[PDB]
Amino acid sequence: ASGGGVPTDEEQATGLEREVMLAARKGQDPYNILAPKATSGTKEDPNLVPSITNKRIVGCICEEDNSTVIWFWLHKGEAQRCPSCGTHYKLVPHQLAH
Amino acid sequence: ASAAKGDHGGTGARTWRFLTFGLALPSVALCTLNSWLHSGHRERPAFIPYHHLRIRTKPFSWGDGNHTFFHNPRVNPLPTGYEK
Amino acid sequence: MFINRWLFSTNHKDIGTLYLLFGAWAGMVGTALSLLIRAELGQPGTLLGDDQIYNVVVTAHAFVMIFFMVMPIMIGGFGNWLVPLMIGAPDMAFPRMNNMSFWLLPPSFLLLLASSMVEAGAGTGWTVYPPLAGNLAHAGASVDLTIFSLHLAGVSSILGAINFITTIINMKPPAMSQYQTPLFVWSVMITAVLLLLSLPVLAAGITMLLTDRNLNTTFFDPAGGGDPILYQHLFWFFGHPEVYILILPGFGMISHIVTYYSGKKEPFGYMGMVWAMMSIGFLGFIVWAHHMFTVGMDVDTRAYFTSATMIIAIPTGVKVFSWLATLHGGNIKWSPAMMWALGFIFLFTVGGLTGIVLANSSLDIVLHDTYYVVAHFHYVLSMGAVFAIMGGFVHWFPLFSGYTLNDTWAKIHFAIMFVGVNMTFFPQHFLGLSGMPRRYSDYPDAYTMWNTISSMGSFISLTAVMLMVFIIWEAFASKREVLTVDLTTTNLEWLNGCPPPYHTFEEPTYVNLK
Amino acid sequence: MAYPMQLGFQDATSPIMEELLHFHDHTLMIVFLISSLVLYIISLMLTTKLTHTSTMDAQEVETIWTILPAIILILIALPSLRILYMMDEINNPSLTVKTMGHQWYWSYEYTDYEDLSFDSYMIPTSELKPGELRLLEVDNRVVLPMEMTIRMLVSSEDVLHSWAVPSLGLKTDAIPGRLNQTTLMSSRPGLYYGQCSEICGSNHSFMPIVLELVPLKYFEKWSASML
Amino acid sequence: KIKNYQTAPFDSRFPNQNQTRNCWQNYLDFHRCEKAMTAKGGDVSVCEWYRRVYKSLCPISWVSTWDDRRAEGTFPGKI
Amino acid sequence: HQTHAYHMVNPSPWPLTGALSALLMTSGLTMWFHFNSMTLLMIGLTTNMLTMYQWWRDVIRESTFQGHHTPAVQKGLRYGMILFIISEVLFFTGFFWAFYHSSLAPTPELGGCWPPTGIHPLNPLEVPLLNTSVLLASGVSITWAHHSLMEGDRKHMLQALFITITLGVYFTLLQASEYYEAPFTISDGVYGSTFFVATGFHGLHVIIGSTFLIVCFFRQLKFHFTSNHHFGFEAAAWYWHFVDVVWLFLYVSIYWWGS
Amino acid sequence: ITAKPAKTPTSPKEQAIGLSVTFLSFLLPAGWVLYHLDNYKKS
Amino acid sequence: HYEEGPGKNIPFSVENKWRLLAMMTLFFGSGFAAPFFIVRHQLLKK
Amino acid sequence: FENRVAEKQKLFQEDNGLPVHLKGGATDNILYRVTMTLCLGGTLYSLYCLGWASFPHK
Ligand SMILES: CCCCCCCCCCCCCCCCCC(=O)OCC(COC(=O)CCCCCCCCCCCCCCCCC)OC(=O)CCCCCCCCCCCCCCCCC
Ligand SMILES: CCCCCCCCCCCCCCCCCC(=O)OCC(COC(=O)CCCCCCCCCCCCCCCCC)OC(=O)CCCCCCCCCCCCCCCCC
Ligand code: HEA
Ligand code: HEA
Ligand SMILES: CCCCC/C=C\C/C=C\C/C=C\C/C=C\CCCC(=O)O[C@H](COC(=O)CCCCCCCCCCCCCCCCC)COP(=O)(O)OCCN
Ligand SMILES: CCCCCC/C=C\CCCCCCCCCC(=O)O[C@H](COC(=O)CCCCCCCCCCCCCCC)COP(=O)(O)OC[C@@H](O)CO
Ligand SMILES: CCCCCC/C=C\CCCCCCCCCC(=O)O[C@H](COC(=O)CCCCCCCCCCCCCCC)COP(=O)(O)OC[C@@H](O)CO
Ligand SMILES: CCCCCC/C=C\CCCCCCCCCC(=O)O[C@H](COC(=O)CCCCCCCCCCCCCCC)COP(=O)(O)OC[C@@H](O)CO
Ligand SMILES: CCCCCCCCCCO[C@@H]1O[C@H](CO)[C@@H](O[C@H]2O[C@H](CO)[C@@H](O)[C@H](O)[C@H]2O)[C@H](O)[C@H]1O
Ligand SMILES: CCCCCCCCCCO[C@@H]1O[C@H](CO)[C@@H](O[C@H]2O[C@H](CO)[C@@H](O)[C@H](O)[C@H]2O)[C@H](O)[C@H]1O
Ligand SMILES: C[C@H](CCC(=O)O)[C@H]1CC[C@H]2[C@@H]3[C@H](O)C[C@@H]4C[C@H](O)CC[C@]4(C)[C@H]3C[C@H](O)[C@]12C
Ligand SMILES: C[C@H](CCC(=O)O)[C@H]1CC[C@H]2[C@@H]3[C@H](O)C[C@@H]4C[C@H](O)CC[C@]4(C)[C@H]3C[C@H](O)[C@]12C
Ligand SMILES: C[C@H](CCC(=O)O)[C@H]1CC[C@H]2[C@@H]3[C@H](O)C[C@@H]4C[C@H](O)CC[C@]4(C)[C@H]3C[C@H](O)[C@]12C
Ligand SMILES: C[C@H](CCC(=O)O)[C@H]1CC[C@H]2[C@@H]3[C@H](O)C[C@@H]4C[C@H](O)CC[C@]4(C)[C@H]3C[C@H](O)[C@]12C
Ligand code: CUA
Ligand SMILES: [Cu+2]
Ligand SMILES: [Mg+2]
Ligand code: NA
Ligand SMILES: [Zn+2]
């Protein structure tokens, strides 16, 4: 009929491949494979930007089908606003290990 | 020619094995067979020194520079005629 | 820590730097070859005495500038430096393969230099048409070394093309569509696609010449029922995409320079700019036989090719007008980069329009293989391709180096170059119309005046080139580091500083979907 | 031939070259329009301190700068194509001459009646008689009857050459194994000069071509005299 | 007669610049005609037309080369 | 510590050695054609072989042993391989173009006909037919190989992959034998040039293809492939089908239409 | 694009030498070869 | 980790501006010179 | 055959600062060394040949 003998990914994937696979299954994206879903971006409900360090570049697509992304460094601290459209972004920690 | 058999609702490697052993390899066997009952050793073709054949603009970089790489003395003449 | 860095690199910036370095050097060779051409023609009679050496010079002039100067600077240098920074990628998709694309070029160049050392060199033209390039009218190793230079160059660009395309498609932020990438990126991708499809055909055609020269094939030799015209088709099927390969990344750089120095946050008509590059890309594959209007093709074929060639005017015009609309209402800063860009826009248009003249198979009978063609192509190349390099070079120099240039000097450089190239190439139109052939070491007496003025222009441009070397020295000598850069919000490549860390975007950018 | 300080085409000796002069004027008119329009617009964009840096809506104005170029190209293409088919068309030629490229000289053959044929070589510089043109003069010229349709067949016995005579509007590559046709009609007797127009190696610069157009009577007698 | 002759007229079979085949076909046609009339006892002058046309259009070294090969028995055309 | 899924590659000498091998192979072919000698050629082939082995080794290390081929990296590899095949299709196009240029408009030096006078073409119903069946049967077995792999079936994968390889070798040998038996040569005008260059370059791709399948076979023996992650196999399968298809086109064009 | 003060300013003195050296590297080698060029039609 | 920042991301040193001036003159000059020597070479040769 | 991939994983995931192309022990080092020597040898030798081929004789 058939028989087996071929390892699966659960058995034999290692390294970064294995981590991405394990994370995927807990619904997490530590290695930024998916696009984040925006919040409403107000002062009360800002977009939460994971970073491992104290700052991270945000590109903001202010309206759908804009051909030009607005780029800016986002720093740890107060929520900052897109220079172009004002939508709020606050930096956070969790992309981190122990 | 236009096919004619069927499968999909239950499939897999099984189906592809089935086609390997039941269709593909048998075709190779048949085609091999047709060849073994066919190649009637071609009468060495008459040598004519046609100017468009046996082209030698520069000697080859092996042997005596007048022999093609898979030269067959039986069927391939030099420009001056058959060797043997 | 030097071998591991500069010889074994897996880093887009350092590979970019190497490419610029290689290109810079090649440029000197090419420039020197052009002065030797104009020296021979600077007054009547003969200077070199041997005309096989003139033909060798002409031929090598073309190879060095196209394959060794323009392509590596624009695609190899700017391309590797900028593409990942513009899309937030941590490097190219195939870093190690990227390094091989570079390291293939010096061997490639060695083999071309060697072609001219041995026997009486390759005095073929850059077209390398048989039978002249065959093993009778060009017996010996010269042409074979040329063929092999091109094989290697070719492989370099194909592997490069795969990397650029893969990188640009697969490694953007997951929320970024292709229609949110800058124009320079668009320009590299499309160029990469034309490389992918056009070079293989060149590789076939020169492989066929190679076997004609050394394995007794008769692809191009009528003795065996060959046709030397089959070579032209195969060459030019590549050759035409190649001219558009030479200018497209140029188009992308001008788009960014015009936009930056006008204070616009984006260029005018982004989607039209994208459309036009694709249309030029696509039409570039069905026009090749306009380099063959004198070889005896059917009249109906010549009518098709005239017509099809003309249509490229339409999307090219959309670009020219969109750059101009980009200047509209700009807070215009007169940086040297912007001066380079503005000169590009005018001078390109002029070379473009003489292209339109040539596209007429009627008129090309009398213009083919005359200095009118030389003029066309030195306008679009020497003042189109080169001006975008210059302009790009000045504009992004602070990003690569971390130091600023002296703008006053850079403007002086522009002014001299501008007078040189125009003085050199403008009179060649008259030569062509009056009937001076190309690929001549000497000319009837009547052509003396325009040839004299032209060669004088060379030297003006030489002075320009000498000064540029000095300008770059001064920058590094004086060490004015970069303080602030404006317009970083729409020019991501500046946003990690000058120069940026060895590894940029280790943590990628954050881009919401909505 | 070309005179010193020349800016444009040599004067037209054939009606087909005459056609091209006017077609070039027509076309160059259009080149001057577009190149001048661009320079003006450039200088227009650059000479004001007024600004509009917010985004501009595009597709409306792009119609113009797509449709209008298209009309201009039809105005070039139509006459261009009328001439091309005129150059090609049915000839009723009264005589056929061949020319054969060689490194580095031309040979000629008139074989309608008798096997008349000769080489033709650039008179070198040292041997030039006084008033004779450096690089353009040949020992034997191509004598042909003026005011008559002639068939030229061009080919070559070695590498590629090309047989050009600018003032008649002629250029046809010379390819070995291939017999390329062009037609030739001189409105005037005279001497008319061209030079080889494909790179054939070392002496590419030095294989000129010289027609000698004279009436039928003198051509006949010249043909009889050459055998 | 329908003959007395200036040069080869326009032949609709070969209307383009490339006239290679007009030379070839007329050379072939002539020798095919000469063969069949030399063999069968009928005036060879019926073949003159093709001779004039090919003499006019063919380079001398082409005619010369093909004539050698016919005599050598290596002329690649079927006469 | 990166927080993206792409692969930052350890600095590596192979690009420099590859580049230098290309200098030696090319310089070598030139010495060989002119100043009769195969010394450079040989060093070059050796350095090339040495470079390829070690480069591809490091890729297997990077992926199977080190875990660097994340789904993002795999996606890039698929694109790169498809683009390579397109390049190869365009290379072959040139040789076809050559064939058709010559055969549609046979010149007078050939007798004004195709095949040219004095050429005795092979029968397309004898060994060329066989060769076609052999590569086609090949496509069927490599496909069974792939489904077996995906269903977890080691013994059948290897079984099918072995059959595929054997067929590749059978083709090579039949074509080699045909080269020997052919009554025309590469030197026999344009007919011979197009025949042997086009088929020859194809022959070379058969060997590269097979070599690549041999690599997959041993890698399968050693358990490198999983039922989901096996891109080396997929690439080898695509390359193999590409090789099949070019044959179909040579068969229809050169052997059948051109006899 | 605002810079910092030159960390090692290059005086007009320095520049004059820079420009001179740089022009001389281009011009001498070429000039040598070109001067001696009627001497090369011999061997 | 490798050297970072201005003057540190290049395969030549800019720490001394006259060693730089010389390096730059050899480099660009050798490039500019090569064609003249190739021509000389060819003129002599035979 | 036996499935020894987990072991090769450990060996090549070892925190020892060696690049991928030497991380298998000294065999790698011998092949690196051989390949480079051959390349540089052959390259120099190939320049030597450009040498002779440039001249009939100065
Ligand atoms: C274009 C690049 C700009 C930089 C230029 C720097 C160099 C300076 C160039 C001086 C400043 C540039 C303007 C001069 C244009 C000359 C056109 C011409 O003589 O035309 C005559 C024709 C036809 O020839 C004939 O049928 C004979 C002419 C019969 C008339 C009487 C002749 C009397 C003799 C006159 C002698 C004096 C002229 C000598 C002229 C000597 C010049 C060296 O020649 C031709 O085919 C020439 C074809 C070339 C076409 C290239 C397109 C470039 C367009 C540039 C933009 C222009 C828009 C304005 C915009 C204007 C602003 C620039
Ligand atoms: C010579 C100088 C040596 C350098 C030593 C450094 C010392 C410190 C290390 C201190 C660290 C310790 C280690 C010391 C060892 C130094 C080794 C070395 O000298 O390393 C050498 C490196 C570096 O390259 C150089 O040699 C530097 C050139 C001069 C620099 C110019 C400045 C930049 C100009 C502006 C460019 C625009 C882009 C700039 C902006 C780019 C953004 C930053 O080589 C390369 O990796 C790439 C070069 C590629 C280009 C060559 C063309 C080849 C053509 C072949 C055919 C010839 C046939 C002739 C045939 C002839 C026929 C007759
Ligand atoms: C990119 C392509 C390119 C470039 C830049 C040039 C540049 C020049 N060319 Fe050339 N040329 C060709 C491509 C090019 N050419 C081709 C394809 C042919 C046809 C060959 C054939 O017929 O087979 C040809 C032929 C040709 C002829 C006709 C030869 C003949 O018919 O006999 C002439 C005549 O004057 C000429 C002159 C010049 C001059 C004076 C320059 C320059 O001197 C003008 C000044 C420009 C520069 C000096 C370059 C400046 C740039 C740099 C130095 C790079 C700087 C680097 C960085 C900033 C990183 N070239
Ligand atoms: C960057 C290099 C480059 C570019 C971009 C071009 C662009 C064009 N070229 Fe050219 N060309 C060369 C490099 C280039 N070329 C080289 C190197 C050769 C010589 C090969 C050799 O023989 O060695 C050559 C030769 C060449 C020939 C062969 C002629 C002969 O040898 O007899 C022809 C024929 O048509 C041609 C036409 C064109 C056309 C129609 C364009 C078009 O793409 C131009 C489009 C641009 C415009 C038209 C101006 C901008 C448009 C507008 C402002 C809109 C309005 C315009 C109108 C309404 C007309 N060029
Ligand atoms: C086990 C056999 C299976 C099938 C064939 C497999 C491989 C063939 C060998 C090499 C393949 C490589 C390149 C193809 C190049 C040229 C075509 C050679 C094809 C061939 O093998 O043709 C044969 C030999 O060719 C000859 O003479 C000359 C043959 C030797 C030529 C040496 C190599 C020449 C190098 C040129 C190519 C290098 C450049 C490649 C460009 C790539 C750029 C990316 C023809 O034999 P023949 O004796 O004329 O006739 C048979 C008479 N009975
Ligand atoms: C005859 C005389 C002239 C000879 C000229 C030949 C020139 C050079 C020969 C020397 C080259 C041999 C070694 C090349 C090895 C290919 C490397 C490769 O396989 O490239 C791969 C990417 O390209 C991919 O998939 C796509 C796969 C591309 C592989 C193609 C490699 C050979 C290409 C040469 C032939 C091109 C011809 C095409 C036109 C006909 C791997 O990418 P890396 O960036 O390395 O690593 C990425 C890491 O994430 C891996 O974990
Ligand atoms: C002139 C005569 C000289 C000719 C010399 C050439 C001779 C022989 C060449 C033989 C080709 C061997 C190719 C072997 C590549 C092996 C590496 C490999 O297959 O690497 C794979 C990645 O893909 C990858 O780079 C894929 C990389 C594939 C590239 C293959 C293309 C090779 C084609 C060469 C072209 C030469 C053409 C020249 C003529 C035009 C590894 O990923 P996986 O498989 O998913 O493993 C991971 C799982 O284990 C984890 O769970
Ligand atoms: C005997 C008399 C002959 C005289 C004829 C000279 C004619 C023409 C030469 C043209 C020289 C003009 C060059 C102008 C360039 C500098 C202008 C400028 O704008 O730069 C100035 C600095 O240069 C400075 O000292 C000034 C630099 C000037 C140095 C000039 C050296 C040129 C010498 C030429 C020699 C030719 C020899 C040829 C022999 C083969 C001012 O800038 P900064 O205050 O530093 O900036 C502030 C901030 O930005 C810093 O972050
Ligand atoms: C190519 C082998 C294929 C096997 C198939 C059989 C068909 C017959 C081909 C014979 O090929 C031989 O190969 C030699 C290779 O050693 C060549 O040596 C040539 O190259 C050497 C390079 O070192 C020189 O030393 C020699 O002088 C020079 O004859 C030699 O000419 C040639 O007879
Ligand atoms: C791209 C083209 C560039 C054009 C050249 C640039 C302008 C010339 C720069 C100076 O070059 C020098 O010129 C001298 C000529 O005055 C040569 O001297 C030669 O002649 C002199 C006698 O007048 C003697 O001083 C020397 O010994 C003798 O070598 C000398 O070799 C050469 O370096
Ligand atoms: C030039 C090219 C190659 C011929 C060759 O290799 O000899 C040939 C092959 C097919 C030809 C085309 C096709 O015949 C279809 C078209 C026929 C029209 O009368 C001219 C345009 C037309 C689009 C042709 C132009 C040109 O003659 C083509 C493209
Ligand atoms: C529809 C498309 C993209 C719009 C988008 O998704 O943003 C746009 C971008 C470029 C456009 C084209 C260019 O603007 C050029 C042409 C301009 C004319 O106004 C219409 C046709 C024309 C050929 C355009 C058709 C269409 O509107 C295109 C193709
Ligand atoms: C040895 C291995 C099983 C080992 C394992 O389970 O790890 C088996 C499985 C499939 C076998 C191969 C396949 O069955 C295909 C071939 C079958 C022939 O009958 C013998 C050789 C042949 C090429 C076999 C060699 C070897 O015995 C293989 C590779
Ligand atoms: C690390 C370095 C690589 C340098 C490079 O590739 O440019 C080493 C590795 C192996 C070295 C080579 C090998 O040790 C063998 C060669 C013989 C002697 O050991 C010295 C020179 C010799 C020719 C070495 C040159 C150089 O030091 C190499 C090539
Ligand atoms: Cu004959 Cu140029
Ligand atoms: Cu073109
Ligand atoms: Mg030509
Ligand atoms: Na001269
Ligand atoms: Zn926003």
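All residue numbers given for chain E refer to Swiss-Prot; the residues shown span 8-86 in order.
Technique stated in the header: X-ray crystallography, 2.3 Å.
The backbone N, Cα and C atoms fix where each Cβ goes, and this holds for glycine too.
Taken from Swiss-Prot as is:
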type: DOMAIN; residues: E:27-73; note: domain 'CHCH'
type: DISULFID; residues: E:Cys30-E:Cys65; note: disulfide bond
type: MOTIF; residues: E:30-40; note: motif 'Cx9C motif'
type: DISULFID; residues: E:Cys40-E:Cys54; note: disulfide bond
type: MOTIF; residues: E:54-65; note: motif 'Cx10C motif'
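Everything Swiss-Prot records as a feature, shown here on the structure.
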residue	record	Cβ within 10 Å
E:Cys30	disulfide bond	25
E:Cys40	disulfide bond	18
E:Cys54	disulfide bond	19
E:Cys65	disulfide bond	26
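Residue pair E:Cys30 (disulfide bond) / E:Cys40 (disulfide bond) shows a Cα separation of 16 Å. Rounded to the nearest whole angstrom, the C-alpha distance between E:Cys65 (disulfide bond) and E:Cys54 (disulfide bond) is 17. Assigned with DSSP, the residues of the domain 'CHCH' (E:27-73) fall into helix, strand and coil as follows: 42 helix, 0 strand, 5 coil.
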